[PDB]
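Working notes, beginning with the structure itself.
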Amino acid sequence: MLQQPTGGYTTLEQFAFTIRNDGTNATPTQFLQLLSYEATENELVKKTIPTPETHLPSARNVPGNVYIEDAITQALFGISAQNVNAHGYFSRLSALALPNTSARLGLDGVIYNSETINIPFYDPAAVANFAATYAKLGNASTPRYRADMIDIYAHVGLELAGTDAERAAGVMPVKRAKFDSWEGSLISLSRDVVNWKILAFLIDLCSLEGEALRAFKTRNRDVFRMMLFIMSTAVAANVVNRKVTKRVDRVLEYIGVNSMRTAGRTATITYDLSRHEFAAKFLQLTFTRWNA
Amino acid sequence: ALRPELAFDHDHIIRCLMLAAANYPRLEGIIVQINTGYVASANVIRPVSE
Amino acid sequence: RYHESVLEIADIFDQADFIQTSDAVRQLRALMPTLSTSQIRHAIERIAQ
């Protein structure tokens, strides 16, 4: 069992989040610097996120080792992820929510019903806090619990492209993102992100409290923003290169506005409706935790 | 739902049409022949012997 | 005392959009016999053929 550092698991060099920038390793923060925005006549306004349902999916036992980290990261970032709303994984997740469960979350991101001494794992109290919220991702498909797939993206825009004054104001112009880019910059970015060990991020988001938690929110804002960016490319209505001088600028119109596009396209990973339900529910839970 | 084909090149097709309109006498009657066929296929007007 | 040489338009214009060629095509044209307009039509009719 890995002890959780007062700053959270994300402090560990084992859990560093990084992305290739035209192939060279770089922190997400030094990628987000490349991004620049052009405002338009429409205006995003972030009305409050409805509070998530208390109802966790039932903790039915399932055969095998659920690969929950890969499940979530693929549902959010992977190319054409499938079976994202299949119920078994999140049922085991809710089993992790229990006060004295036998189940364990490996640093690998797998869940093992065995105590499994050979494989290092997160502190069970922390994953209890984390599963207690993220098991709700299993509610993403059920009609009673579907998250607003549209309005939540306003928050995404604000947390990504929003200037500090707009982030205070809660209202920002809809923006058109652009950056100097390479051949498959968005796909390669989604590859670089889908490999992220996000459960460190989420477990830290749920387990930490007070000053350590707020310091986590400042220390990791760029990470959260990169996941937000990959989702934004997934939901952007339109994405196109613009040839400025010899440089090629990728241009995503528009940030913060989910087009509900589902057909695949070359430029970016694409959400089927199941991925929209999932991503929207994830954003509900994550933005709720992020704003507290 | 993307179709694996090139975009219809407006800026080029219009240019080639101008070059053709400059050099190709047939072009007028080519285009007419489409429109004429369409009139005929809309079955909008027919002669009578009366 | 001069040195004659080709100068690509790219070397003077920073506006890349209106530049489709280079020294190459001029160098090719140097190889071509001077062409009466009738010969030009013959060439075009042949490439068409």
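By order in the structure tokens, chains are A, B, ...; within a chain, residues start at 1; ligands start at 1, following the order shown.
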
Compute the set of chain A residues within 10 Å of chain B, using only C-alpha atoms, and express it as a PyMOL selection string.
chain A and resi 261-266

Save out the residues we just selected, N, CA, C and O atoms, as an mmCIF file, in the first residue's frame.
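For reference, part_29.cif as written:
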data_model
loop_
_atom_site.group_PDB
_atom_site.id
_atom_site.type_symbol
_atom_site.label_atom_id
_atom_site.label_comp_id
_atom_site.auth_asym_id
_atom_site.auth_seq_id
_atom_site.Cartn_x
_atom_site.Cartn_y
_atom_site.Cartn_z
ATOM 1 N N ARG A 261 -21.541 16.655 -32.155
ATOM 2 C CA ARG A 261 -21.109 15.900 -33.332
ATOM 3 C C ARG A 261 -20.666 14.487 -32.941
ATOM 4 O O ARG A 261 -19.954 14.309 -31.953
ATOM 5 N N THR A 262 -21.065 13.485 -33.717
ATOM 6 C CA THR A 262 -20.747 12.102 -33.353
ATOM 7 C C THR A 262 -19.981 11.338 -34.434
ATOM 8 O O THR A 262 -19.363 10.310 -34.152
ATOM 9 N N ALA A 263 -20.044 11.823 -35.668
ATOM 10 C CA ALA A 263 -19.376 11.151 -36.772
ATOM 11 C C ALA A 263 -17.893 11.377 -36.637
ATOM 12 O O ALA A 263 -17.470 12.433 -36.176
ATOM 13 N N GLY A 264 -17.099 10.396 -37.045
ATOM 14 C CA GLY A 264 -15.664 10.495 -36.875
ATOM 15 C C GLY A 264 -15.123 11.529 -37.829
ATOM 16 O O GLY A 264 -15.759 11.846 -38.834
ATOM 17 N N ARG A 265 -13.956 12.071 -37.512
ATOM 18 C CA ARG A 265 -13.284 12.973 -38.435
ATOM 19 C C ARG A 265 -11.803 12.838 -38.217
ATOM 20 O O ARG A 265 -11.361 12.347 -37.181
ATOM 21 N N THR A 266 -11.038 13.264 -39.207
ATOM 22 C CA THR A 266 -9.597 13.102 -39.172
ATOM 23 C C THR A 266 -8.920 13.856 -38.026
ATOM 24 O O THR A 266 -8.032 13.329 -37.360
#

Contacts of chain C with chain A up to 9 Å, shortest pair per row, only C-alpha atoms, as a Markdown table:
| residue | atom | partner | partner_atom | distance |
| --- | --- | --- | --- | --- |
| C:14 | CA | A:245 | CA | 8.1 |
| C:15 | CA | A:245 | CA | 7.5 |
| C:16 | CA | A:245 | CA | 6.7 |
| C:17 | CA | A:245 | CA | 8.7 |

File of the preceding selection, N, CA and C atoms, as a short mmCIF file (atom, residue, chain, number, x, y, z; two decimals), in the first residue's frame:
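File produced: selection13.cif:
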data_model
loop_
_atom_site.label_atom_id
_atom_site.label_comp_id
_atom_site.auth_asym_id
_atom_site.auth_seq_id
_atom_site.Cartn_x
_atom_site.Cartn_y
_atom_site.Cartn_z
N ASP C 14 7.39 37.91 -49.55
CA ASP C 14 7.15 37.16 -48.32
C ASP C 14 5.75 36.52 -48.31
N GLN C 15 4.93 36.89 -49.29
CA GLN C 15 3.56 36.39 -49.40
C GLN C 15 3.49 35.07 -50.16
N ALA C 16 3.56 33.96 -49.43
CA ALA C 16 3.72 32.64 -50.03
C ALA C 16 2.55 32.17 -50.90
N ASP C 17 1.37 32.74 -50.69
CA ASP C 17 0.16 32.26 -51.37
C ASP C 17 0.22 32.39 -52.89
#

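Taking CA of residue 235 (chain A) as the reference point, CA of residue 109 (chain A) is found at 26.6 Å.
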
Could you pull the residues within 7 Å of region 62-71 of chain A, counting only C-alpha atoms, minus those fewer than 2 positions along the same chain, as number ranges by chain?
A: 60, 73-75, 88-89, 109-112, 199

Give me the residues within 9 Å of residue 119 (chain A) as a compact mmCIF listing (two decimals) with N, CA and C atoms, in the first residue's frame, counting only C-alpha atoms and dropping any in the same chain fewer than 6 places off.
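Result file follows (part.txt):
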# COMPACT_ATOMS: atom_id res chain seq x y z
N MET A 1 0.81 -1.22 0.00
CA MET A 1 0.00 0.00 0.00
C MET A 1 0.84 1.27 0.00
N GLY A 106 -4.95 -0.76 -7.70
CA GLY A 106 -3.52 -0.76 -7.93
C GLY A 106 -3.08 0.57 -8.49
N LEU A 107 -1.81 0.90 -8.31
CA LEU A 107 -1.24 2.09 -8.93
C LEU A 107 -1.27 1.91 -10.44
N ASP A 108 -1.35 0.65 -10.85
CA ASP A 108 -1.53 0.29 -12.25
C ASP A 108 -2.88 0.81 -12.78

Leaving out region 5-14 of chain A and any residue of its chain fewer than 2 positions from it, which residues lie within 12 Å of it when counting only C-alpha atoms, given as JSON, numbers by chain?
{"A": [2, 3, 16, 17, 18, 107, 108, 121, 122, 123, 126, 127, 196, 197, 198, 199, 200, 201, 202, 203, 204, 205, 206, 207, 208, 209, 210, 211, 212, 213, 214, 215, 216, 217, 218, 219, 220, 223]}

Mind writing the picked residues with C-alpha atoms as a PDB file, in the first residue's frame?
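Result went into result-v1.pdb, see below:
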ATOM      1  CA  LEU A   2       1.286   3.413  -1.069  1.00  0.00           C
ATOM      2  CA  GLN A   3       1.013   6.051   1.643  1.00  0.00           C
ATOM      3  CA  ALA A  16       3.871  13.081 -13.584  1.00  0.00           C
ATOM      4  CA  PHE A  17       1.514  14.181 -16.373  1.00  0.00           C
ATOM      5  CA  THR A  18       3.324  15.156 -19.559  1.00  0.00           C
ATOM      6  CA  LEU A 107      -1.239   2.090  -8.928  1.00  0.00           C
ATOM      7  CA  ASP A 108      -1.535   0.293 -12.250  1.00  0.00           C
ATOM      8  CA  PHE A 121      -2.020   0.069  -4.228  1.00  0.00           C
ATOM      9  CA  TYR A 122      -3.650   3.344  -3.104  1.00  0.00           C
ATOM     10  CA  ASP A 123      -4.700   3.860   0.526  1.00  0.00           C
ATOM     11  CA  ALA A 126      -8.608   7.586  -0.337  1.00  0.00           C
ATOM     12  CA  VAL A 127     -10.155   5.310  -2.952  1.00  0.00           C
ATOM     13  CA  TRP A 196      -2.071   9.691 -18.100  1.00  0.00           C
ATOM     14  CA  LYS A 197      -2.573   8.007 -14.738  1.00  0.00           C
ATOM     15  CA  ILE A 198      -5.572  10.185 -13.986  1.00  0.00           C
ATOM     16  CA  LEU A 199      -6.676   8.183 -10.969  1.00  0.00           C
ATOM     17  CA  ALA A 200      -3.883   9.852  -9.022  1.00  0.00           C
ATOM     18  CA  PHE A 201      -5.473  13.136  -9.999  1.00  0.00           C
ATOM     19  CA  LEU A 202      -9.017  12.082  -9.158  1.00  0.00           C
ATOM     20  CA  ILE A 203      -8.109  10.294  -5.935  1.00  0.00           C
ATOM     21  CA  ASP A 204      -6.204  13.388  -4.874  1.00  0.00           C
ATOM     22  CA  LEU A 205      -9.179  15.523  -5.892  1.00  0.00           C
ATOM     23  CA  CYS A 206     -11.489  13.575  -3.614  1.00  0.00           C
ATOM     24  CA  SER A 207      -9.269  12.599  -0.670  1.00  0.00           C
ATOM     25  CA  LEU A 208      -7.468  15.869   0.093  1.00  0.00           C
ATOM     26  CA  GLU A 209      -9.091  18.615   2.179  1.00  0.00           C
ATOM     27  CA  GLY A 210      -8.244  22.175   3.184  1.00  0.00           C
ATOM     28  CA  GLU A 211      -4.987  23.876   2.269  1.00  0.00           C
ATOM     29  CA  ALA A 212      -3.451  20.754   0.729  1.00  0.00           C
ATOM     30  CA  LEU A 213      -6.490  20.406  -1.513  1.00  0.00           C
ATOM     31  CA  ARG A 214      -6.518  24.018  -2.620  1.00  0.00           C
ATOM     32  CA  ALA A 215      -2.766  23.804  -3.283  1.00  0.00           C
ATOM     33  CA  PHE A 216      -3.522  20.710  -5.340  1.00  0.00           C
ATOM     34  CA  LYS A 217      -6.055  22.730  -7.317  1.00  0.00           C
ATOM     35  CA  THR A 218      -3.474  25.382  -8.121  1.00  0.00           C
ATOM     36  CA  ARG A 219      -0.608  22.948  -8.752  1.00  0.00           C
ATOM     37  CA  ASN A 220      -2.677  20.856 -11.153  1.00  0.00           C
ATOM     38  CA  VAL A 223      -3.532  19.138 -16.101  1.00  0.00           C
TER      39      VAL A 223
END

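As for CA of residue 192 (chain A) and CA of residue 33 (chain A), they are spaced 17.2 Å apart.
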